[PDB]
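Trainee: This structure is in structure tokens; I'll ask about it shortly.
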Amino acid sequence: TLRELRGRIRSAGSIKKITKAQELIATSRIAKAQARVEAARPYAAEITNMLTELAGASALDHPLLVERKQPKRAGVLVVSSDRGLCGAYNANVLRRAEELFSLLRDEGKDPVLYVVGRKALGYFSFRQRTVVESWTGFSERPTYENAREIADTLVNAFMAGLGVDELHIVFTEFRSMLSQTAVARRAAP
Amino acid sequence: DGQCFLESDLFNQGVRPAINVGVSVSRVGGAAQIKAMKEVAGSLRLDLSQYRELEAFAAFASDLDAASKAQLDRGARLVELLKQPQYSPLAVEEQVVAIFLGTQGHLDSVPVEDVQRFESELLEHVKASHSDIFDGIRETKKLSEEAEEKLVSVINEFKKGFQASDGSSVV
Amino acid sequence: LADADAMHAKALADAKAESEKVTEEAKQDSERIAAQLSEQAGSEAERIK
Amino acid sequence: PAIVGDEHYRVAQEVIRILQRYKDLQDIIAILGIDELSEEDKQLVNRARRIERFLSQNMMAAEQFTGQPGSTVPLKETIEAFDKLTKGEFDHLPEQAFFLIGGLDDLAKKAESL
Amino acid sequence: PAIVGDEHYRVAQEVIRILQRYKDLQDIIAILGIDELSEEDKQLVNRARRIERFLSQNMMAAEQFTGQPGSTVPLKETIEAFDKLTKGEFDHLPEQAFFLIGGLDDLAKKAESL
Amino acid sequence: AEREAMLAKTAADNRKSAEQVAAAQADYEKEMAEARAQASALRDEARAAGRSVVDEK
Amino acid sequence: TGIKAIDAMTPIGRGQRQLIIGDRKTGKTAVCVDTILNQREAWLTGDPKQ
Amino acid sequence: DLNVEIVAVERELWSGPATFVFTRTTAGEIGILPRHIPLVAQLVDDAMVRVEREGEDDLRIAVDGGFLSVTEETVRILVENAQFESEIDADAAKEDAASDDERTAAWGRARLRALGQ
């Protein structure tokens, strides 16, 4: 009916403006995020250099460098969004996380979940696997105070052995504005 | 008994003739199409329709699996293979070879910026020597086993003889 | 080092020999294409006449 | 259900509920694509797209266009297949596995070809 | 390229490409400013700004107001001028050097006097 | 100085052996690519000469 | 027809009807003129069946 | 001769030349001059830095959980958070030093120490 179609052209003509605005806001924020990545990079390089020098002098008997006697459990940290509209970003993270689970349970470790973001906390609220701890309010603007708490909680869960024999992180690696993928890294041991 | 729906979006992008597959079809055709053409083109309609959907999807994805990416790059080279200039009707003995190049994957070493020139030089080379391929197709309607091996022995000699406008020689 | 330099001398001799084969094949290729376009020129002049 | 029996009618309402819900999401799907849906809807649309493609068949009359032969699927193997689909048994198989295929044995074969 | 020469068709398709990129980038230019663009995109916008200026002409209708005579640019000079301009051969000239100008010899005359 | 120079020359000659093997491959493929490109330029020159006789006729 | 796309994907048999539907200035005439031009390779042979 | 950097987990926060820089570490208070051995040390929980160079008068700093790395040619100091004496507030630092949370009390003392008290 023409009245319906006129309304739908009015609707779609509003949405085209609101999505074109958020394409341009996301085009601002990728530049700010790349600035904060390249500002956090020189510290990460110098802490790696300092840690290489200390490991050169050390006996290396620090717990985070050694395998547990029985592979009882594994931690997975999954990093994901609070905002929607991100597209396949969370689909890719959550698919790579479920693939990591298949490999871990193939070795015999059951995963235990730590989650950053509200979308993955929704996904693991629908699929009946528990989350041990979560964080939500900062995925678009993470601050070191947040990563301090996450890394403390992960290291406490590794050193507790109610504890994990290894732990991993699943997140998307930014490699260009046109190319990113979900990746899985073992952070400990 | 069918339609060749010419899409103005494809025509403005420069795909000419602008045959919009899936919505274009022939419902009598396939009975009358000569056996060699029917052997080479027997999947090409389906391979182009699945390319149009796969591209309309993947143009807004960061990355995809290697089998899908191979199907996409094949499809984009088949689209560059099918276009041709006005008032240049090809004889069927030249059409079936031009579609053999693309469907059998011999274009997979050639970049999308050179593919139309690659077919244009190859179809003159095979018109100048090895012409028993074109003559055989014309006089028996069939791309026989002994014409197929004699074609693949010539396409590889031409691929080493060819150089893209950017990148290396082909293989 | 004598094996490596012997392989360099061998590879340069092989490359010049097959380069001579490619350029000889191209002398045929340039006549072969020029003949087909000369036949096209005669056919087009016949069409006009 | 009085005429086709309960197991047919249950399946033929579960299939229609699913495709109806997918068609009532199509206005969002057209703009944003799949991932912006909620997980209870995204679960549904993933099976809806499989059910939608699995209602295709290689017909006896299609042989004059596709060259492939035609298939016949008995009513019992039809009900069973859509019962398993609507209960979610096949959600790990890709959408391309379901196109133009006759029955469960031929679905299994096509999935193993991929 | 049948009715006009291949060179004319190529130059016009390239001018359209450069102006199509710039008409896409004008949203970023207005919302985020020129500094948001890469070195390759600012190298394009520098050419695109100059191309859209070089499409302007001092013409025999404007003789009424400016007193300066209107200019005719031959087709061959127009093609050759936009071929050199799209290949960037005037990037070191400011935009004001391209406004209201009667071909390539006249561009040199405005640009050296500016 | 001789015993030090013997191991110095042995390690240098081995490093140059690996470099000379790489240079054998790189010269072989560089000559091959230059010759094949020259064949394409010769055919292309003959195709343009063919076009020139077509329009001349 | 002597068009690669059409003789590959939508082959025109003799006594078929084949609709060259499209928009304005889309080459509909150029597909038909290419089809009519192509037949000269058969018209030179005097037999009424080619 | 020496060059100095102060670096934070998220920023290259400050850098200049150096000819005297001083730090207090779980081993004690230590100065570093234009030639010094390679050193690694951890700064105290309530820790402050003073940075001095041949080009100009020195600079005064508060640091949280810092680490120090030296070689005679280059010096780098690596920090969880840092605040300059021109940006530390005396009422906020005094309030933080009165707090019951151990890191906040240490950071309060760190900012009080950069404020010369």
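For the structure tokens, the naming scheme is as follows: chains receive sequential letters (A, B, ...) according to their order of presentation, residues are indexed from 1 within each chain, and ligands are indexed from 1 in presentation order.
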Is it possible to see chain D as a short mmCIF file (atom, residue, chain, number, x, y, z; two decimals) with N, CA, C and O atoms, in the first residue's frame, once it has been laid onto chain E by a least-squares fit on every C-alpha atom in order?
Mentor:
data_model
loop_
_atom_site.label_atom_id
_atom_site.label_comp_id
_atom_site.auth_asym_id
_atom_site.auth_seq_id
_atom_site.Cartn_x
_atom_site.Cartn_y
_atom_site.Cartn_z
N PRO D 1 34.53 3.85 -25.93
CA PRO D 1 35.83 3.85 -26.58
C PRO D 1 35.74 3.59 -28.08
O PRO D 1 36.49 4.16 -28.85
N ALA D 2 34.74 2.82 -28.52
CA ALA D 2 34.42 2.63 -29.93
C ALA D 2 34.06 3.92 -30.69
O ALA D 2 34.15 3.94 -31.92
N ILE D 3 33.65 4.99 -30.01
CA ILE D 3 33.13 6.22 -30.61
C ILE D 3 34.07 7.41 -30.36
O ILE D 3 34.33 8.17 -31.30
N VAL D 4 34.61 7.58 -29.15
CA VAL D 4 35.55 8.67 -28.83
C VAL D 4 37.03 8.29 -28.96
O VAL D 4 37.88 9.18 -28.92
N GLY D 5 37.35 7.01 -29.12
CA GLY D 5 38.72 6.50 -29.11
C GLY D 5 39.28 6.26 -27.71
O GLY D 5 38.84 6.89 -26.73
N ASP D 6 40.23 5.34 -27.59
CA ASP D 6 40.71 4.82 -26.31
C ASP D 6 41.28 5.90 -25.39
O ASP D 6 40.91 5.94 -24.22
N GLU D 7 42.10 6.82 -25.90
CA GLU D 7 42.75 7.83 -25.08
C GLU D 7 41.79 8.82 -24.44
O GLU D 7 41.99 9.23 -23.30
N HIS D 8 40.70 9.19 -25.12
CA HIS D 8 39.65 9.99 -24.48
C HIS D 8 38.97 9.17 -23.40
O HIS D 8 38.90 9.59 -22.25
N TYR D 9 38.49 7.97 -23.73
CA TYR D 9 37.70 7.20 -22.78
C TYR D 9 38.46 6.81 -21.52
O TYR D 9 37.91 6.90 -20.43
N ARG D 10 39.75 6.48 -21.63
CA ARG D 10 40.60 6.17 -20.48
C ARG D 10 40.66 7.35 -19.51
O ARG D 10 40.40 7.20 -18.33
N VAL D 11 40.91 8.55 -20.04
CA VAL D 11 40.99 9.77 -19.25
C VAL D 11 39.65 10.12 -18.60
O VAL D 11 39.59 10.44 -17.42
N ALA D 12 38.55 10.01 -19.34
CA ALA D 12 37.22 10.31 -18.83
C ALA D 12 36.69 9.28 -17.83
O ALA D 12 35.70 9.54 -17.15
N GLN D 13 37.31 8.11 -17.70
CA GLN D 13 37.07 7.19 -16.58
C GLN D 13 38.05 7.40 -15.43
O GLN D 13 37.61 7.32 -14.29
N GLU D 14 39.31 7.75 -15.66
CA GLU D 14 40.21 8.11 -14.57
C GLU D 14 39.75 9.36 -13.82
O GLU D 14 39.67 9.34 -12.60
N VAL D 15 39.33 10.40 -14.53
CA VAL D 15 38.76 11.60 -13.90
C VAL D 15 37.52 11.28 -13.08
O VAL D 15 37.37 11.77 -11.96
N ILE D 16 36.62 10.44 -13.58
CA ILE D 16 35.39 10.12 -12.86
C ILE D 16 35.68 9.22 -11.66
O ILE D 16 35.11 9.47 -10.60
N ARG D 17 36.59 8.26 -11.76
CA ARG D 17 37.03 7.45 -10.62
C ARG D 17 37.57 8.34 -9.50
O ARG D 17 37.19 8.14 -8.34
N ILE D 18 38.40 9.32 -9.82
CA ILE D 18 38.98 10.25 -8.85
C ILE D 18 37.90 11.07 -8.17
O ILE D 18 37.81 11.05 -6.94
N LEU D 19 37.04 11.75 -8.92
CA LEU D 19 35.98 12.57 -8.33
C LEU D 19 34.96 11.71 -7.55
O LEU D 19 34.44 12.14 -6.52
N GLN D 20 34.71 10.48 -7.99
CA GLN D 20 33.86 9.56 -7.26
C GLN D 20 34.47 9.22 -5.91
O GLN D 20 33.80 9.34 -4.89
N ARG D 21 35.74 8.84 -5.87
CA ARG D 21 36.45 8.56 -4.62
C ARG D 21 36.49 9.79 -3.73
O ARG D 21 36.25 9.65 -2.54
N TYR D 22 36.69 10.99 -4.27
CA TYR D 22 36.63 12.21 -3.46
C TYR D 22 35.25 12.45 -2.85
O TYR D 22 35.12 12.69 -1.66
N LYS D 23 34.18 12.27 -3.64
CA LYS D 23 32.81 12.39 -3.14
C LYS D 23 32.48 11.30 -2.12
O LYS D 23 31.77 11.56 -1.16
N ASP D 24 33.04 10.09 -2.23
CA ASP D 24 32.88 9.04 -1.22
C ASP D 24 33.79 9.18 0.01
O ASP D 24 33.66 8.41 0.96
N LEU D 25 34.68 10.18 0.02
CA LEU D 25 35.41 10.65 1.20
C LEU D 25 34.79 11.92 1.81
O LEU D 25 35.16 12.30 2.92
N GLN D 26 33.86 12.59 1.12
CA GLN D 26 33.33 13.89 1.54
C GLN D 26 32.70 13.86 2.94
O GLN D 26 32.80 14.83 3.68
N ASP D 27 32.09 12.75 3.34
CA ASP D 27 31.54 12.60 4.68
C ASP D 27 32.62 12.64 5.78
O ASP D 27 32.34 13.13 6.87
N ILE D 28 33.85 12.18 5.51
CA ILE D 28 34.95 12.33 6.46
C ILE D 28 35.53 13.73 6.37
O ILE D 28 35.71 14.38 7.40
N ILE D 29 35.78 14.23 5.15
CA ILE D 29 36.36 15.55 4.88
C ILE D 29 35.57 16.64 5.62
O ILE D 29 36.17 17.48 6.27
N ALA D 30 34.24 16.58 5.57
CA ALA D 30 33.37 17.57 6.20
C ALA D 30 33.60 17.70 7.71
O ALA D 30 33.50 18.80 8.24
N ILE D 31 33.92 16.60 8.40
CA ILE D 31 34.19 16.60 9.84
C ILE D 31 35.64 16.99 10.11
O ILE D 31 35.89 18.01 10.73
N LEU D 32 36.58 16.17 9.65
CA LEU D 32 37.98 16.22 10.08
C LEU D 32 38.87 17.12 9.23
O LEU D 32 39.95 17.48 9.68
N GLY D 33 38.46 17.50 8.02
CA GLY D 33 39.36 18.07 7.02
C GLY D 33 40.26 17.01 6.38
O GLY D 33 40.05 15.82 6.56
N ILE D 34 41.24 17.45 5.59
CA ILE D 34 42.02 16.56 4.72
C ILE D 34 42.97 15.64 5.49
O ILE D 34 43.04 14.46 5.17
N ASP D 35 43.74 16.16 6.46
CA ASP D 35 44.94 15.43 6.90
C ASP D 35 44.66 14.07 7.56
O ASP D 35 45.48 13.15 7.48
N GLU D 36 43.50 13.87 8.18
CA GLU D 36 43.12 12.59 8.77
C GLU D 36 42.93 11.44 7.76
O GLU D 36 42.77 10.30 8.20
N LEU D 37 42.96 11.69 6.45
CA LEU D 37 42.96 10.62 5.44
C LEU D 37 44.28 9.85 5.37
O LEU D 37 45.33 10.35 5.76
N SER D 38 44.21 8.63 4.85
CA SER D 38 45.42 7.86 4.54
C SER D 38 46.21 8.49 3.38
O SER D 38 45.64 9.22 2.59
N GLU D 39 47.50 8.21 3.24
CA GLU D 39 48.32 8.86 2.20
C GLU D 39 47.91 8.52 0.76
O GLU D 39 47.94 9.39 -0.11
N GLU D 40 47.43 7.31 0.48
CA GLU D 40 46.93 6.95 -0.85
C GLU D 40 45.61 7.66 -1.20
O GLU D 40 45.30 7.87 -2.37
N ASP D 41 44.83 8.04 -0.19
CA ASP D 41 43.61 8.85 -0.31
C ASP D 41 43.92 10.35 -0.35
O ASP D 41 43.27 11.11 -1.05
N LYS D 42 44.92 10.81 0.39
CA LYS D 42 45.31 12.22 0.47
C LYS D 42 46.00 12.68 -0.81
O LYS D 42 45.66 13.74 -1.33
N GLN D 43 46.85 11.84 -1.39
CA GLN D 43 47.35 11.99 -2.75
C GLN D 43 46.19 12.17 -3.72
O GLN D 43 46.19 13.10 -4.52
N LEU D 44 45.18 11.32 -3.63
CA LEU D 44 44.03 11.36 -4.52
C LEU D 44 43.23 12.64 -4.36
O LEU D 44 42.99 13.32 -5.34
N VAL D 45 42.83 13.01 -3.14
CA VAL D 45 42.04 14.21 -2.87
C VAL D 45 42.78 15.48 -3.28
O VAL D 45 42.15 16.41 -3.79
N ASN D 46 44.10 15.54 -3.15
CA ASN D 46 44.85 16.69 -3.64
C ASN D 46 44.74 16.85 -5.14
O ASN D 46 44.58 17.98 -5.58
N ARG D 47 44.79 15.78 -5.93
CA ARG D 47 44.51 15.91 -7.37
C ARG D 47 43.03 16.04 -7.67
O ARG D 47 42.70 16.84 -8.52
N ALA D 48 42.14 15.41 -6.93
CA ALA D 48 40.70 15.55 -7.13
C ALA D 48 40.26 17.00 -7.02
O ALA D 48 39.52 17.47 -7.87
N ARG D 49 40.76 17.76 -6.04
CA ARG D 49 40.43 19.18 -5.88
C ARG D 49 40.98 20.05 -6.99
O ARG D 49 40.36 21.05 -7.35
N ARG D 50 42.11 19.67 -7.57
CA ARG D 50 42.67 20.33 -8.74
C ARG D 50 41.85 20.00 -9.97
O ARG D 50 41.44 20.92 -10.65
N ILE D 51 41.53 18.74 -10.23
CA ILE D 51 40.67 18.33 -11.34
C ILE D 51 39.32 19.02 -11.26
O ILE D 51 38.87 19.59 -12.25
N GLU D 52 38.69 19.02 -10.09
CA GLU D 52 37.41 19.68 -9.84
C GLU D 52 37.47 21.15 -10.22
O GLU D 52 36.62 21.63 -10.96
N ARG D 53 38.49 21.90 -9.77
CA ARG D 53 38.63 23.30 -10.17
C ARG D 53 39.02 23.45 -11.63
O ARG D 53 38.57 24.40 -12.26
N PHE D 54 39.79 22.54 -12.21
CA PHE D 54 40.17 22.62 -13.62
C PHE D 54 39.04 22.28 -14.58
O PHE D 54 39.15 22.57 -15.76
N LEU D 55 37.92 21.71 -14.14
CA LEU D 55 36.72 21.58 -14.96
C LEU D 55 35.94 22.91 -15.10
O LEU D 55 35.02 23.01 -15.90
N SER D 56 36.34 23.96 -14.37
CA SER D 56 35.87 25.34 -14.59
C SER D 56 36.42 25.95 -15.87
O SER D 56 37.50 25.58 -16.32
N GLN D 57 35.72 26.92 -16.47
CA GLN D 57 36.24 27.68 -17.62
C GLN D 57 35.67 29.10 -17.69
O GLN D 57 34.51 29.33 -17.39
N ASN D 58 36.47 30.06 -18.16
CA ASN D 58 36.00 31.40 -18.51
C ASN D 58 35.22 31.35 -19.83
O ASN D 58 35.81 31.30 -20.90
N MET D 59 33.90 31.31 -19.75
CA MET D 59 33.02 31.17 -20.92
C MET D 59 32.87 32.48 -21.71
O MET D 59 33.06 33.57 -21.18
N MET D 60 32.47 32.40 -22.98
CA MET D 60 32.19 33.59 -23.81
C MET D 60 31.02 34.40 -23.23
O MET D 60 31.07 35.63 -23.19
N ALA D 61 30.00 33.72 -22.72
CA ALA D 61 28.86 34.30 -22.01
C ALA D 61 29.20 34.86 -20.63
O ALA D 61 28.42 35.64 -20.09
N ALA D 62 30.33 34.49 -20.01
CA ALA D 62 30.68 34.96 -18.67
C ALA D 62 31.20 36.40 -18.66
O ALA D 62 31.15 37.08 -17.63
N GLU D 63 31.65 36.89 -19.81
CA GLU D 63 32.18 38.24 -20.00
C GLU D 63 31.23 39.33 -19.48
O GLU D 63 31.68 40.32 -18.92
N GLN D 64 29.91 39.14 -19.57
CA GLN D 64 28.94 40.11 -19.07
C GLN D 64 28.87 40.19 -17.53
O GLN D 64 28.19 41.08 -17.03
N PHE D 65 29.52 39.29 -16.80
CA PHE D 65 29.57 39.26 -15.33
C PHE D 65 30.99 39.49 -14.81
O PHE D 65 31.19 40.29 -13.90
N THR D 66 31.98 38.80 -15.37
CA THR D 66 33.39 38.85 -14.90
C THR D 66 34.23 39.90 -15.63
O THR D 66 35.29 40.27 -15.16
N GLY D 67 33.81 40.36 -16.80
CA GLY D 67 34.58 41.29 -17.64
C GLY D 67 35.78 40.66 -18.36
O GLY D 67 36.16 41.14 -19.41
N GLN D 68 36.35 39.57 -17.86
CA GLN D 68 37.35 38.77 -18.57
C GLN D 68 36.80 38.23 -19.90
O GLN D 68 35.59 38.03 -20.02
N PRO D 69 37.65 38.00 -20.91
CA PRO D 69 37.23 37.41 -22.18
C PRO D 69 36.88 35.93 -22.00
O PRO D 69 37.13 35.34 -20.95
N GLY D 70 36.32 35.31 -23.04
CA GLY D 70 36.04 33.87 -23.09
C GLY D 70 37.13 33.06 -23.79
O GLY D 70 37.74 33.54 -24.75
N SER D 71 37.35 31.82 -23.36
CA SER D 71 38.34 30.91 -23.95
C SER D 71 37.71 29.69 -24.61
O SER D 71 36.68 29.19 -24.18
N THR D 72 38.35 29.17 -25.65
CA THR D 72 37.99 27.89 -26.29
C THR D 72 39.17 26.93 -26.23
O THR D 72 40.29 27.30 -26.60
N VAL D 73 38.95 25.72 -25.73
CA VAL D 73 39.98 24.69 -25.57
C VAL D 73 39.68 23.54 -26.51
O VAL D 73 38.60 22.96 -26.41
N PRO D 74 40.57 23.17 -27.44
CA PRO D 74 40.29 22.08 -28.37
C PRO D 74 40.24 20.74 -27.62
O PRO D 74 40.84 20.59 -26.56
N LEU D 75 39.54 19.75 -28.18
CA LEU D 75 39.40 18.45 -27.53
C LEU D 75 40.75 17.84 -27.18
O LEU D 75 40.95 17.39 -26.06
N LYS D 76 41.73 17.89 -28.09
CA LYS D 76 43.06 17.31 -27.85
C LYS D 76 43.78 17.94 -26.65
O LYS D 76 44.34 17.23 -25.83
N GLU D 77 43.74 19.27 -26.52
CA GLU D 77 44.33 19.95 -25.36
C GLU D 77 43.51 19.74 -24.09
O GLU D 77 44.06 19.82 -22.99
N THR D 78 42.23 19.41 -24.21
CA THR D 78 41.40 18.98 -23.08
C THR D 78 41.82 17.60 -22.60
O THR D 78 42.13 17.45 -21.43
N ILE D 79 41.89 16.60 -23.47
CA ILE D 79 42.27 15.23 -23.09
C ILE D 79 43.67 15.23 -22.47
O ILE D 79 43.83 14.75 -21.35
N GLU D 80 44.66 15.82 -23.14
CA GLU D 80 46.03 15.93 -22.65
C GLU D 80 46.10 16.51 -21.23
O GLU D 80 46.84 16.02 -20.39
N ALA D 81 45.34 17.57 -20.95
CA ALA D 81 45.44 18.23 -19.67
C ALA D 81 44.94 17.34 -18.53
O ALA D 81 45.56 17.27 -17.47
N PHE D 82 43.83 16.64 -18.75
CA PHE D 82 43.30 15.72 -17.75
C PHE D 82 44.08 14.41 -17.68
O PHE D 82 44.21 13.84 -16.60
N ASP D 83 44.71 13.98 -18.76
CA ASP D 83 45.67 12.88 -18.73
C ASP D 83 46.86 13.21 -17.81
O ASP D 83 47.15 12.47 -16.87
N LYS D 84 47.49 14.37 -18.00
CA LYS D 84 48.58 14.83 -17.14
C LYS D 84 48.13 15.03 -15.69
O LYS D 84 48.83 14.61 -14.78
N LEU D 85 46.96 15.64 -15.44
CA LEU D 85 46.42 15.80 -14.08
C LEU D 85 46.20 14.47 -13.38
O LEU D 85 46.63 14.30 -12.24
N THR D 86 45.54 13.52 -14.02
CA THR D 86 45.24 12.22 -13.41
C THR D 86 46.50 11.37 -13.20
O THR D 86 46.59 10.66 -12.19
N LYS D 87 47.51 11.47 -14.08
CA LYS D 87 48.86 10.92 -13.86
C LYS D 87 49.68 11.69 -12.81
O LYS D 87 50.76 11.23 -12.44
N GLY D 88 49.20 12.83 -12.32
CA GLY D 88 49.79 13.57 -11.21
C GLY D 88 50.81 14.65 -11.56
O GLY D 88 51.54 15.09 -10.68
N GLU D 89 50.92 15.08 -12.81
CA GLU D 89 52.00 15.99 -13.23
C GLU D 89 51.93 17.38 -12.55
O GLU D 89 52.96 18.02 -12.37
N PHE D 90 50.75 17.84 -12.16
CA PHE D 90 50.53 19.21 -11.67
C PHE D 90 50.28 19.34 -10.15
O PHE D 90 50.00 20.44 -9.70
N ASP D 91 50.42 18.29 -9.36
CA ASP D 91 50.11 18.28 -7.91
C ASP D 91 50.90 19.29 -7.05
O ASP D 91 50.53 19.55 -5.91
N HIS D 92 51.98 19.87 -7.58
CA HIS D 92 52.73 20.96 -6.95
C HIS D 92 52.14 22.36 -7.18
O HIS D 92 52.57 23.30 -6.52
N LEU D 93 51.18 22.55 -8.08
CA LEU D 93 50.52 23.83 -8.32
C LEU D 93 49.33 24.04 -7.37
O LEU D 93 48.60 23.08 -7.11
N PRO D 94 49.07 25.26 -6.89
CA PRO D 94 48.00 25.52 -5.93
C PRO D 94 46.61 25.49 -6.57
O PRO D 94 46.44 25.85 -7.73
N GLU D 95 45.58 25.13 -5.80
CA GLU D 95 44.20 25.00 -6.28
C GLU D 95 43.69 26.29 -6.95
O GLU D 95 43.08 26.25 -8.01
N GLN D 96 44.00 27.46 -6.39
CA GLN D 96 43.67 28.76 -6.98
C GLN D 96 44.25 28.97 -8.39
O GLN D 96 43.75 29.83 -9.12
N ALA D 97 45.27 28.22 -8.81
CA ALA D 97 45.85 28.36 -10.15
C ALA D 97 44.93 27.81 -11.25
O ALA D 97 45.09 28.18 -12.41
N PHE D 98 43.98 26.94 -10.90
CA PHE D 98 43.15 26.21 -11.85
C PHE D 98 41.78 26.84 -12.14
O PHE D 98 41.19 26.53 -13.17
N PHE D 99 41.28 27.72 -11.27
CA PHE D 99 39.98 28.38 -11.44
C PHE D 99 39.87 29.13 -12.77
O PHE D 99 40.72 29.97 -13.07
N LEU D 100 38.76 28.95 -13.49
CA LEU D 100 38.31 29.83 -14.58
C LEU D 100 39.39 30.09 -15.65
O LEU D 100 39.64 31.23 -16.01
N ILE D 101 40.06 29.03 -16.14
CA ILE D 101 41.22 29.16 -17.03
C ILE D 101 41.16 28.24 -18.24
O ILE D 101 40.77 27.08 -18.14
N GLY D 102 41.55 28.74 -19.42
CA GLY D 102 41.41 28.02 -20.68
C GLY D 102 42.68 27.34 -21.15
O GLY D 102 43.49 27.96 -21.83
N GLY D 103 42.83 26.04 -20.87
CA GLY D 103 43.90 25.21 -21.44
C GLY D 103 45.18 25.15 -20.60
O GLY D 103 45.22 25.63 -19.48
N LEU D 104 46.23 24.51 -21.12
CA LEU D 104 47.50 24.33 -20.38
C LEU D 104 48.39 25.58 -20.41
O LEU D 104 48.97 25.95 -19.39
N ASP D 105 48.47 26.26 -21.55
CA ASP D 105 49.29 27.47 -21.68
C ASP D 105 48.84 28.58 -20.73
O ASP D 105 49.65 29.29 -20.14
N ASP D 106 47.52 28.68 -20.54
CA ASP D 106 46.89 29.66 -19.66
C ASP D 106 46.93 29.21 -18.18
O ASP D 106 47.04 30.05 -17.29
N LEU D 107 46.96 27.90 -17.90
CA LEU D 107 47.28 27.36 -16.57
C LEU D 107 48.72 27.70 -16.16
O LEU D 107 48.96 28.16 -15.04
N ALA D 108 49.68 27.52 -17.06
CA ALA D 108 51.08 27.84 -16.78
C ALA D 108 51.23 29.32 -16.41
O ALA D 108 51.75 29.64 -15.34
N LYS D 109 50.70 30.22 -17.25
CA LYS D 109 50.67 31.67 -17.00
C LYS D 109 50.07 32.01 -15.63
O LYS D 109 50.68 32.75 -14.86
N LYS D 110 48.90 31.45 -15.29
CA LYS D 110 48.24 31.73 -14.01
C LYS D 110 49.06 31.21 -12.82
O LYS D 110 49.24 31.93 -11.84
N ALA D 111 49.67 30.03 -12.93
CA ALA D 111 50.59 29.53 -11.92
C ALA D 111 51.80 30.45 -11.70
O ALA D 111 52.16 30.72 -10.56
N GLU D 112 52.39 31.01 -12.77
CA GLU D 112 53.47 31.99 -12.67
C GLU D 112 53.01 33.36 -12.16
O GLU D 112 53.83 34.10 -11.61
N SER D 113 51.73 33.71 -12.26
CA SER D 113 51.19 34.92 -11.61
C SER D 113 51.16 34.79 -10.08
O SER D 113 51.45 35.75 -9.37
N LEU D 114 50.91 33.58 -9.58
CA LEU D 114 51.03 33.20 -8.18
C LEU D 114 52.51 32.95 -7.84
O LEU D 114 52.98 31.85 -7.65
#
Trainee: Within 9 Å of range 28-42 of chain G, counting only C-alpha atoms, which residues show up once you throw out same-chain ones fewer than 5 positions away? Write them as a list in words, please.
Mentor: residues 6, 17, 86, 87, 88, 89, 90 and 91 of chain B; 1, 2, 3, 20, 21, 22, 23, 47 and 50 of chain G
Trainee: Could you list, as a PyMOL selection string, the residues of chain F having an atom within 6 Å of chain C when counting only C-alpha atoms?
Mentor: chain F and resi 13+17+20-21+24+28+35+39+43+46+50+54+57
Trainee: Pull C-alpha atoms from the residues just selected and write them as an mmCIF file, in the first residue's frame.
Mentor:
data_model
loop_
_atom_site.group_PDB
_atom_site.id
_atom_site.type_symbol
_atom_site.label_atom_id
_atom_site.label_comp_id
_atom_site.auth_asym_id
_atom_site.auth_seq_id
_atom_site.Cartn_x
_atom_site.Cartn_y
_atom_site.Cartn_z
ATOM 1 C CA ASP F 13 84.069 -19.846 1.689
ATOM 2 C CA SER F 17 79.000 -21.094 -1.150
ATOM 3 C CA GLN F 20 76.692 -18.374 -4.696
ATOM 4 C CA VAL F 21 74.007 -21.153 -4.707
ATOM 5 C CA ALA F 24 72.868 -19.294 -9.217
ATOM 6 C CA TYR F 28 68.929 -18.292 -13.620
ATOM 7 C CA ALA F 35 64.116 -13.516 -21.867
ATOM 8 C CA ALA F 39 59.523 -12.781 -26.137
ATOM 9 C CA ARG F 43 55.136 -10.900 -30.068
ATOM 10 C CA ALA F 46 54.549 -8.064 -34.172
ATOM 11 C CA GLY F 50 49.989 -6.669 -37.728
ATOM 12 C CA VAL F 54 45.474 -4.013 -41.093
ATOM 13 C CA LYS F 57 45.451 -1.904 -46.001
#
Trainee: Fewer than 2 positions away in the same chain doesn't count, so skip those; otherwise give me all residues within 8 Å of residue 119 in chain B, counting only C-alpha atoms, as a PyMOL selection string.
Mentor: chain B and resi 81+98+101+115-117+121-123
Trainee: Can you check which residues of chain A have any atom within 8 Å of chain E? Use only C-alpha atoms and format it as a list in words.
Mentor: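 Listing them in order of chain and number gives residues 24, 28 and 31 of chain A.
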Trainee: For the selection you just gave me, I'd like the residues written to a file as a short mmCIF file (atom, residue, chain, number, x, y, z; two decimals), in the first residue's frame, keeping N, CA, C and O atoms.
Mentor:
data_model
loop_
_atom_site.label_atom_id
_atom_site.label_comp_id
_atom_site.auth_asym_id
_atom_site.auth_seq_id
_atom_site.Cartn_x
_atom_site.Cartn_y
_atom_site.Cartn_z
N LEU A 24 31.16 6.67 10.41
CA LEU A 24 32.12 7.77 10.57
C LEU A 24 32.64 7.88 12.00
O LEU A 24 33.83 8.13 12.20
N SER A 28 36.55 7.43 13.23
CA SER A 28 37.28 8.18 14.26
C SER A 28 37.94 7.25 15.28
O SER A 28 39.13 7.35 15.57
N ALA A 31 41.26 5.22 14.76
CA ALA A 31 42.46 6.04 14.80
C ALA A 31 42.92 6.28 16.24
O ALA A 31 44.11 6.16 16.55
#
